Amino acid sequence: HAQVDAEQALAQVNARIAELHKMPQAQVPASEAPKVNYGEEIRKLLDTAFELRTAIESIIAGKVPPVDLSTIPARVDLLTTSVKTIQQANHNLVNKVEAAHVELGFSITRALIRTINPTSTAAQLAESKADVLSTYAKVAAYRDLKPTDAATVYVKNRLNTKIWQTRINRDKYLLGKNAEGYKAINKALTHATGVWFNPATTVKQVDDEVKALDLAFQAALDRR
C-alpha cells in the first residue's frame, strides 16, 4: 500500500496498546498511578488508544466517523509520538530536575486531548506533535540532579515503579517455583519500600536501590 488506511491505523493503535500494557505503570491500580513515573500519562495514553481503536473499527465497520477520516493517520501518529516520547523520557530523563517531567507530562497531556478531540484539525494535530517532540528536546537539556540531592517526587516515583515492576515479575516467575528466590526478592522489596518511605532518601540512594532491585531479581532468577 502507499497511504495509511484504517486497518493500518488500527494496527498501529493496537501495537501501541500492547506496548503500553508491557509497561509496569500500566499494570498498577489507578490509585497507584500518581505514584509511578508517567503513571497518569500512561493511563491517559491507554484511554486515548482505546478511544482511537473504537473509532477506527467503527470506521472499518462502515458507520459515521466520530472524527474527519482524513485526520485519522495524524491522530494515530500523534499517539505513537506520545507513547515513544513517554518511553524515551522513562529511560533518558532519569536524573532531570522535576520541571523536566512536569513540562513534558503537560505537553503529552495537551496532545492526547488533541488526539481524540473531534474538532482537532490537521494543523492543530501537527502543532501538537511538534510541541511534544520539541518539549522533549528542551527538557532533555535541563539540569541533572546531583547524587547528593534529596530524592524528588519523580525520583521517588522511579523507585516505586521499580518496586512495582519487581512485584509483577515476582508474581510471574519466582512465584510457584523458585520458592527461595521469592523470599530473596521479597526481602529486597521490603528494603526498597523502606528507602521509598524514608523522607531523607537522596537521589543516589534511589539510583542504588533501583540497581539493587533488578540485580536481586536476576540473582533470584539465576538460582532457578
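Start at 1 with the first residue shown and count on from there.
**Q** Would you determine, from the values in the PDB entry, which of 88 to 96 and 74 to 82 has the greater average C-alpha temperature factor?
**A** Higher mean C-alpha B-factor in the PDB entry: 88 to 96.
**Q** Taking only the CA atoms, which stretch has the higher mean B-factor in the record, 144 to 152 or 123 to 131?
**A** Looking at the recorded C-alpha B-factors, 144 to 152 comes out higher on average.
**Q** Choose from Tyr38, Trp164, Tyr182, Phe50 the residue with the greatest Cα B-factor as stated in the PDB record.
**A** Each of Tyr38, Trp164, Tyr182, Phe50 was compared by C-alpha B-factor; the highest is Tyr182.
**Q** Highest Cα temperature factor in the entry, among the options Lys44, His191, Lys177, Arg158: which one is it?
**A** Across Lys44, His191, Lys177, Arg158, the entry lists the biggest C-alpha B-factor for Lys177.
**Q** By the record's CA B-factor, is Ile59 among the lowest, middle or highest third of residues in the chain?
**A** Highest third - that is where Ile59 ends up once the chain's C-alpha B-factors are sorted.
**Q** Select lowest, middle or highest to describe the third in which the CA B-factor of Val206 falls within its chain in this entry.
**A** Middle third by C-alpha B-factor.
**Q** Would you mind checking where the Cα B-factor of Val28 ranks among the modelled residues of its chain, as the lowest, middle or highest third?
**A** Bottom third by C-alpha B-factor.
**Q** Hey, what third does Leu213 fall into on Cα B-factor, ranked over its chain?
**A** According to the entry, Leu213 has a C-alpha B-factor in the chain's highest third.
**Q** Please rank the C-alpha B-factors of the chain's modelled residues and tell me whether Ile17 sits in the lowest, middle or highest third.
**A** Ranked within chain, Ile17 CA B lands in the lowest tercile.
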